[PDB]
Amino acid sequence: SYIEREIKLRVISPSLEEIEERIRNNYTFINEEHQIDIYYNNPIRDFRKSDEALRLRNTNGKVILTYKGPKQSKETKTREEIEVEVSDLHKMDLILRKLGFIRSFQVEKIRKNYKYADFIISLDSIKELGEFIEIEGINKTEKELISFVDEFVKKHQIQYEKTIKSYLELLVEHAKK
């Protein structure tokens, strides 16, 4: 098992393109990922109730099956996350449907990953939700991550809103209107 702990910011200003310019000198670009996620639900156990998620991701052609458990924090996005790469997205999707899972919703995004010391900064252009930043810390406590994010937004003059909602949950709310 693995505990994924990150902070998610909804960017108000400036654009991600401008933010990319402000970090370009002191942050090292890692890669850009085009991610297409298919989320699933269990008809006999509502994941929206138990705060669980099951996702089949296509990121630059690499196919990843991810389980996510209930949130463990209110101040950061902290969840158990178990991931395995699979050989074929179509077939894995078929197996889930043969086992009784139902496709729920789809999330597509362009993620740009940057590295600063032990932190990973993800600049996220979410289709239909807008611009977001996710920050993760390697071997970092929740206090350290919160502190670094505060320095990050201040140093780069980012107006923002923190949220612990997943992209799947934000998409649903954005679809309400």
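Residue numbers run from 1 along the displayed sequence. For clarity, a rigid core is taken as the largest C-alpha set superposing within 1.5 Å between two forms.
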Task: Stretch departing more from the displayed form, 124-132 or 51-59, Cα RMS in 5 other deposited structures of this protein (core fit) - done: 51-59
Open item on the list: Root mean square C-alpha distance from this form after a core fit in 5 other deposited structures of this protein: higher for 135-143 or for 60-68?
Closed with: 60-68
- [ ] Determine, for stretches 6-14 and 19-27, which one has the higher mean CA B-factor as deposited.
- [x] 19-27
TODO: Averaging only over Cα atoms, indicate whether 135-143 or 57-65 has the higher B-factor in the PDB entry.
DONE: 135-143
- [ ] Name the one of 35, 125, 122, 41 with the greatest CA B-factor according to the PDB entry.
- [x] 41
- [ ] Comparing against every modelled residue in the chain, figure out the third that the C-alpha B-factor of residue 78 lands in (lowest, middle or highest).
- [x] middle
TODO: Please rank the C-alpha B-factors of the chain's modelled residues and tell me whether residue 109 sits in the lowest, middle or highest third.
DONE: middle
Task: Where the record places residue 155 (Cα B-factor, split into thirds across the chain) - done: middle
